[PDB]
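The file structure_26.json contains JSON, N, CA and C atoms and all ligand atoms:
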[["chain", "number", "residue", "atom", "x", "y", "z"],
["A", 2, "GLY", "N", -233.02, 224.37, 194.08],
["A", 2, "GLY", "CA", -233.59, 223.73, 192.91],
["A", 2, "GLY", "C", -234.35, 224.68, 192.01],
["A", 3, "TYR", "N", -233.61, 225.46, 191.21],
["A", 3, "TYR", "CA", -234.21, 226.39, 190.27],
["A", 3, "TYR", "C", -233.47, 226.32, 188.95],
["A", 4, "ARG", "N", -234.12, 226.80, 187.89],
["A", 4, "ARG", "CA", -233.57, 226.79, 186.55],
["A", 4, "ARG", "C", -233.60, 228.20, 185.98],
["A", 5, "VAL", "N", -232.51, 228.61, 185.34],
["A", 5, "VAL", "CA", -232.41, 229.92, 184.72],
["A", 5, "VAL", "C", -232.91, 229.82, 183.29],
["A", 6, "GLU", "N", -234.01, 230.52, 182.99],
["A", 6, "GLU", "CA", -234.64, 230.48, 181.69],
["A", 6, "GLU", "C", -234.31, 231.75, 180.90],
["A", 7, "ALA", "N", -234.17, 231.60, 179.59],
["A", 7, "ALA", "CA", -233.84, 232.71, 178.71],
["A", 7, "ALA", "C", -234.80, 232.72, 177.53],
["A", 8, "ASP", "N", -235.61, 233.78, 177.42],
["A", 8, "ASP", "CA", -236.50, 233.96, 176.27],
["A", 8, "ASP", "C", -235.66, 234.50, 175.12],
["A", 9, "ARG", "N", -235.16, 233.58, 174.30],
["A", 9, "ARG", "CA", -234.16, 233.93, 173.29],
["A", 9, "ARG", "C", -234.74, 234.81, 172.19],
["A", 10, "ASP", "N", -236.06, 234.77, 171.99],
["A", 10, "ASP", "CA", -236.68, 235.70, 171.06],
["A", 10, "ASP", "C", -236.71, 237.13, 171.59],
["A", 11, "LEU", "N", -236.40, 237.33, 172.87],
["A", 11, "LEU", "CA", -236.39, 238.66, 173.47],
["A", 11, "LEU", "C", -235.00, 239.21, 173.73],
["A", 12, "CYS", "N", -233.97, 238.38, 173.70],
["A", 12, "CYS", "CA", -232.61, 238.82, 173.99],
["A", 12, "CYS", "C", -232.08, 239.67, 172.84],
["A", 13, "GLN", "N", -231.88, 240.96, 173.09],
["A", 13, "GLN", "CA", -231.35, 241.88, 172.09],
["A", 13, "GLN", "C", -229.84, 242.05, 172.18],
["A", 14, "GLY", "N", -229.18, 241.34, 173.09],
["A", 14, "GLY", "CA", -227.73, 241.39, 173.17],
["A", 14, "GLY", "C", -227.17, 242.55, 173.95],
["A", 15, "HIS", "N", -227.89, 243.04, 174.97],
["A", 15, "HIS", "CA", -227.38, 244.15, 175.77],
["A", 15, "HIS", "C", -226.20, 243.74, 176.64],
["A", 16, "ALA", "N", -226.06, 242.45, 176.94],
["A", 16, "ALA", "CA", -224.95, 241.89, 177.71],
["A", 16, "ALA", "C", -224.89, 242.43, 179.14],
["A", 17, "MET", "N", -225.97, 243.04, 179.63],
["A", 17, "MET", "CA", -226.01, 243.45, 181.02],
["A", 17, "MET", "C", -225.98, 242.26, 181.96],
["A", 18, "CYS", "N", -226.47, 241.10, 181.50],
["A", 18, "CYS", "CA", -226.45, 239.90, 182.32],
["A", 18, "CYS", "C", -225.02, 239.44, 182.59],
["A", 19, "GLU", "N", -224.14, 239.59, 181.60],
["A", 19, "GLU", "CA", -222.75, 239.19, 181.80],
["A", 19, "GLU", "C", -222.02, 240.13, 182.75],
["A", 20, "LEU", "N", -222.40, 241.41, 182.76],
["A", 20, "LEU", "CA", -221.77, 242.35, 183.69],
["A", 20, "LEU", "C", -222.22, 242.11, 185.12],
["A", 21, "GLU", "N", -223.44, 241.60, 185.31],
["A", 21, "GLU", "CA", -223.95, 241.39, 186.66],
["A", 21, "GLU", "C", -223.55, 240.04, 187.23],
["A", 22, "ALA", "N", -223.49, 239.00, 186.40],
["A", 22, "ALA", "CA", -223.14, 237.65, 186.86],
["A", 22, "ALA", "C", -222.32, 236.97, 185.78],
["A", 23, "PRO", "N", -221.03, 237.31, 185.68],
["A", 23, "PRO", "CA", -220.23, 236.81, 184.54],
["A", 23, "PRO", "C", -220.00, 235.31, 184.58],
["A", 24, "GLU", "N", -219.97, 234.71, 185.77],
["A", 24, "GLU", "CA", -219.73, 233.27, 185.88],
["A", 24, "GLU", "C", -220.89, 232.45, 185.33],
["A", 25, "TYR", "N", -222.10, 233.02, 185.26],
["A", 25, "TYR", "CA", -223.28, 232.25, 184.89],
["A", 25, "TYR", "C", -223.88, 232.67, 183.56],
["A", 26, "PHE", "N", -223.47, 233.81, 183.02],
["A", 26, "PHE", "CA", -223.95, 234.29, 181.73],
["A", 26, "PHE", "C", -222.77, 234.79, 180.91],
["A", 27, "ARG", "N", -222.61, 234.23, 179.72],
["A", 27, "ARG", "CA", -221.60, 234.68, 178.77],
["A", 27, "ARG", "C", -222.28, 235.08, 177.48],
["A", 28, "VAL", "N", -221.88, 236.22, 176.93],
["A", 28, "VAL", "CA", -222.49, 236.72, 175.70],
["A", 28, "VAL", "C", -221.43, 236.83, 174.60],
["A", 29, "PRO", "N", -221.42, 235.92, 173.62],
["A", 29, "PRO", "CA", -220.51, 236.09, 172.48],
["A", 29, "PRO", "C", -220.84, 237.37, 171.72],
["A", 30, "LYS", "N", -219.80, 238.00, 171.19],
["A", 30, "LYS", "CA", -219.97, 239.27, 170.48],
["A", 30, "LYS", "C", -220.97, 239.15, 169.34],
["A", 31, "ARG", "N", -221.00, 238.00, 168.67],
["A", 31, "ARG", "CA", -221.92, 237.77, 167.57],
["A", 31, "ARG", "C", -223.10, 236.89, 167.96],
["A", 32, "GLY", "N", -223.25, 236.57, 169.24],
["A", 32, "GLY", "CA", -224.31, 235.69, 169.68],
["A", 32, "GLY", "C", -225.08, 236.28, 170.84],
["A", 33, "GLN", "N", -226.23, 235.67, 171.11],
["A", 33, "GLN", "CA", -227.06, 236.04, 172.25],
["A", 33, "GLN", "C", -226.49, 235.43, 173.52],
["A", 34, "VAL", "N", -227.20, 235.61, 174.64],
["A", 34, "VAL", "CA", -226.70, 235.17, 175.93],
["A", 34, "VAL", "C", -226.60, 233.65, 175.96],
["A", 35, "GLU", "N", -225.53, 233.15, 176.58],
["A", 35, "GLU", "CA", -225.32, 231.72, 176.78],
["A", 35, "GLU", "C", -225.34, 231.45, 178.28],
["A", 36, "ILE", "N", -226.29, 230.62, 178.71],
["A", 36, "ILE", "CA", -226.43, 230.28, 180.12],
["A", 36, "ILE", "C", -225.41, 229.20, 180.44],
["A", 37, "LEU", "N", -224.42, 229.52, 181.28],
["A", 37, "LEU", "CA", -223.34, 228.58, 181.54],
["A", 37, "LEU", "C", -223.79, 227.45, 182.46],
["A", 38, "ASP", "N", -224.64, 227.75, 183.43],
["A", 38, "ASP", "CA", -225.21, 226.72, 184.30],
["A", 38, "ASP", "C", -226.73, 226.86, 184.27],
["A", 39, "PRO", "N", -227.47, 225.86, 183.80],
["A", 39, "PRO", "CA", -228.93, 225.95, 183.85],
["A", 39, "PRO", "C", -229.48, 225.79, 185.26],
["A", 40, "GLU", "N", -228.82, 225.01, 186.11],
["A", 40, "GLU", "CA", -229.27, 224.73, 187.48],
["A", 40, "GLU", "C", -228.17, 225.15, 188.45],
["A", 41, "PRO", "N", -228.08, 226.44, 188.75],
["A", 41, "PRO", "CA", -226.97, 226.94, 189.57],
["A", 41, "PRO", "C", -227.19, 226.64, 191.04],
["A", 42, "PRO", "N", -226.16, 226.80, 191.88],
["A", 42, "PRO", "CA", -226.34, 226.55, 193.31],
["A", 42, "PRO", "C", -227.25, 227.59, 193.95],
["A", 43, "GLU", "N", -227.73, 227.27, 195.15],
["A", 43, "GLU", "CA", -228.59, 228.20, 195.87],
["A", 43, "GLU", "C", -227.83, 229.45, 196.29],
["A", 44, "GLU", "N", -226.51, 229.35, 196.49],
["A", 44, "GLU", "CA", -225.72, 230.51, 196.86],
["A", 44, "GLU", "C", -225.60, 231.51, 195.72],
["A", 45, "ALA", "N", -225.87, 231.09, 194.49],
["A", 45, "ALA", "CA", -225.76, 231.95, 193.31],
["A", 45, "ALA", "C", -227.05, 232.66, 192.97],
["A", 46, "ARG", "N", -228.14, 232.39, 193.70],
["A", 46, "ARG", "CA", -229.43, 232.98, 193.35],
["A", 46, "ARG", "C", -229.40, 234.50, 193.42],
["A", 47, "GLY", "N", -228.64, 235.06, 194.36],
["A", 47, "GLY", "CA", -228.61, 236.51, 194.50],
["A", 47, "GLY", "C", -228.00, 237.20, 193.29],
["A", 48, "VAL", "N", -226.81, 236.74, 192.87],
["A", 48, "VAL", "CA", -226.14, 237.39, 191.75],
["A", 48, "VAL", "C", -226.86, 237.13, 190.44],
["A", 49, "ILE", "N", -227.72, 236.11, 190.38],
["A", 49, "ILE", "CA", -228.47, 235.84, 189.15],
["A", 49, "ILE", "C", -229.69, 236.74, 189.06],
["A", 50, "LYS", "N", -230.34, 237.03, 190.19],
["A", 50, "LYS", "CA", -231.43, 238.00, 190.19],
["A", 50, "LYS", "C", -230.95, 239.37, 189.73],
["A", 51, "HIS", "N", -229.68, 239.69, 189.99],
["A", 51, "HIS", "CA", -229.10, 240.92, 189.45],
["A", 51, "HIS", "C", -229.18, 240.93, 187.93],
["A", 52, "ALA", "N", -228.91, 239.78, 187.30],
["A", 52, "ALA", "CA", -228.99, 239.70, 185.84],
["A", 52, "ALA", "C", -230.43, 239.73, 185.36],
["A", 53, "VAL", "N", -231.36, 239.14, 186.12],
["A", 53, "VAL", "CA", -232.77, 239.21, 185.75],
["A", 53, "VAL", "C", -233.27, 240.64, 185.85],
["A", 54, "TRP", "N", -232.86, 241.37, 186.89],
["A", 54, "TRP", "CA", -233.27, 242.76, 187.04],
["A", 54, "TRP", "C", -232.64, 243.64, 185.97],
["A", 55, "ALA", "N", -231.38, 243.37, 185.61],
["A", 55, "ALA", "CA", -230.63, 244.27, 184.74],
["A", 55, "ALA", "C", -230.87, 244.01, 183.26],
["A", 56, "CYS", "N", -231.70, 243.04, 182.91],
["A", 56, "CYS", "CA", -232.01, 242.79, 181.50],
["A", 56, "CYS", "C", -233.07, 243.79, 181.04],
["A", 57, "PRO", "N", -232.77, 244.67, 180.09],
["A", 57, "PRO", "CA", -233.79, 245.63, 179.64],
["A", 57, "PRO", "C", -234.98, 244.98, 178.97],
["A", 58, "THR", "N", -234.78, 243.82, 178.34],
["A", 58, "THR", "CA", -235.87, 243.11, 177.68],
["A", 58, "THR", "C", -236.54, 242.08, 178.57],
["A", 59, "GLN", "N", -236.01, 241.85, 179.78],
["A", 59, "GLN", "CA", -236.54, 240.85, 180.70],
["A", 59, "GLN", "C", -236.59, 239.47, 180.05],
["A", 60, "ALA", "N", -235.54, 239.13, 179.31],
["A", 60, "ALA", "CA", -235.49, 237.83, 178.65],
["A", 60, "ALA", "C", -235.13, 236.72, 179.61],
["A", 61, "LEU", "N", -234.49, 237.05, 180.73],
["A", 61, "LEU", "CA", -234.08, 236.07, 181.72],
["A", 61, "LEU", "C", -235.14, 235.93, 182.80],
["A", 62, "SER", "N", -235.18, 234.75, 183.42],
["A", 62, "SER", "CA", -236.15, 234.46, 184.46],
["A", 62, "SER", "C", -235.66, 233.28, 185.27],
["A", 63, "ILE", "N", -236.14, 233.21, 186.51],
["A", 63, "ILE", "CA", -235.82, 232.12, 187.43],
["A", 63, "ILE", "C", -237.09, 231.32, 187.68],
["A", 64, "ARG", "N", -237.03, 230.02, 187.42],
["A", 64, "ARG", "CA", -238.16, 229.12, 187.60],
["A", 64, "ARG", "C", -237.81, 228.10, 188.67],
["A", 65, "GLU", "N", -238.63, 228.02, 189.71],
["A", 65, "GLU", "CA", -238.40, 227.06, 190.79],
["A", 65, "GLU", "C", -238.81, 225.66, 190.34],
["A", 66, "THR", "N", -237.97, 224.68, 190.67],
["A", 66, "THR", "CA", -238.22, 223.29, 190.29],
["A", 66, "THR", "C", -238.47, 222.42, 191.52],
["B", 101, "LIG", "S1", -230.84, 241.37, 176.21],
["B", 101, "LIG", "FE1", -229.79, 239.39, 176.37],
["B", 101, "LIG", "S2", -227.55, 239.67, 176.52],
["B", 101, "LIG", "FE2", -228.47, 239.52, 178.58],
["B", 101, "LIG", "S3", -228.95, 241.60, 179.30],
["B", 101, "LIG", "FE3", -230.81, 240.73, 178.37],
["B", 101, "LIG", "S4", -230.47, 238.50, 178.33],
["B", 102, "FE", "FE", -228.29, 241.07, 195.46]]

Can you turn what I pasted into structure tokens?
Ligand code: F3S
Ligand SMILES: [Fe+3]
Amino acid sequence: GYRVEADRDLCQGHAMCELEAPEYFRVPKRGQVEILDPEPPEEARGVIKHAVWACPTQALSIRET
């Protein structure tokens, strides 16, 4: 039970999140990051932390619900 949060004022479009977890983050060429699942399964928490770590602006975050 967690939610993937994106500080959209901080996303500069590096698209490192899509390279680390492509199933859960998609970045349009002309758009910022799009969170495909806001409430992903518990098995996906590992690959999503990769995207949180790999964001140079730290726009992504995991919030426990
Ligand atoms: S800048 Fe944006 S495109 Fe992803 S790697 Fe960080 S949330
Ligand atoms: Fe890992």

For this session: Compile the contact shell of residue 17 in chain A as a ChimeraX atom specification: residues with an atom at most 8 Å away, counting all atoms listed in the file, same-chain residues fewer than 4 positions apart removed.
Result: /A:21-23,51-57

Can you build me a table of chain A residues sitting at most 8 Å from ligand FE 102 (chain B), with the closest atom pair per residue and its distance in Å to one decimal, using all atoms listed in the file, sorted by chain and residue number, as CSV?
residue,atom,partner,partner_atom,distance
A:46,C,B:FE102,FE,7.0
A:47,C,B:FE102,FE,4.4
A:48,N,B:FE102,FE,5.3
A:49,N,B:FE102,FE,7.1
A:50,C,B:FE102,FE,6.5
A:51,N,B:FE102,FE,5.8

Return as a tab-separated table the residues of chain A lying at most 7 Å from ligand LIG 101 (chain B), together with the closest atom-to-atom pair for each and the distance in Å to one decimal, counting only N, CA and C atoms and all ligand atoms, with rows in chain order and ascending residue number.
residue	atom	partner	partner_atom	distance
A:7	CA	B:LIG101	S4	6.7
A:11	C	B:LIG101	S1	5.3
A:12	CA	B:LIG101	FE1	3.7
A:13	N	B:LIG101	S1	3.3
A:14	N	B:LIG101	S1	3.5
A:15	N	B:LIG101	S1	3.6
A:16	N	B:LIG101	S2	3.2
A:17	N	B:LIG101	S3	3.3
A:18	N	B:LIG101	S3	3.4
A:19	N	B:LIG101	FE2	5.3
A:28	CA	B:LIG101	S2	5.9
A:33	C	B:LIG101	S2	5.3
A:34	N	B:LIG101	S2	4.5
A:35	N	B:LIG101	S2	6.8
A:52	C	B:LIG101	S3	6.5
A:55	C	B:LIG101	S3	5.0
A:56	CA	B:LIG101	FE3	3.9
A:57	N	B:LIG101	FE3	4.7
A:58	N	B:LIG101	FE3	5.0
A:59	N	B:LIG101	FE3	5.5
A:60	CA	B:LIG101	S4	5.1
A:61	N	B:LIG101	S4	4.9

For this session: Quote the spacing between CA of residue 9 in chain A and CA of residue 65 in chain A in Å to one decimal place.
Result: 19.3 Å

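One distance worth recording is that between atom N of residue 64 in chain A and CA of residue 27 in chain A, which is 18.3 Å.
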
Exercise. Could you pull out all residues of chain A with a DSSP call of helix (DSSP H, G or I) and give them as number ranges by chain?
Worked result: A: 17-21, 43-55

Exercise. What does the distance between CA of residue 2 in chain A and CA of residue 24 in chain A come to in Å, to one decimal place?
Worked result: 18.2 Å

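The strand (DSSP E or B) portion of chain A consists of residues 3, 4, 5, 6, 7, 26, 27, 35, 36, 61, 62, 63, 64 and 65 of chain A, with states taken from DSSP on the backbone.
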
Using 8 Å of padding on each side, determine the axis-aligned box around all atoms of range 41-58 of chain A present in the file and give its centre and edge lengths in Å to one decimal, as AutoDock Vina command-line options.
--center_x -231.1 --center_y 236.0 --center_z 187.3 --size_x 26.9 --size_y 35.2 --size_z 35.2
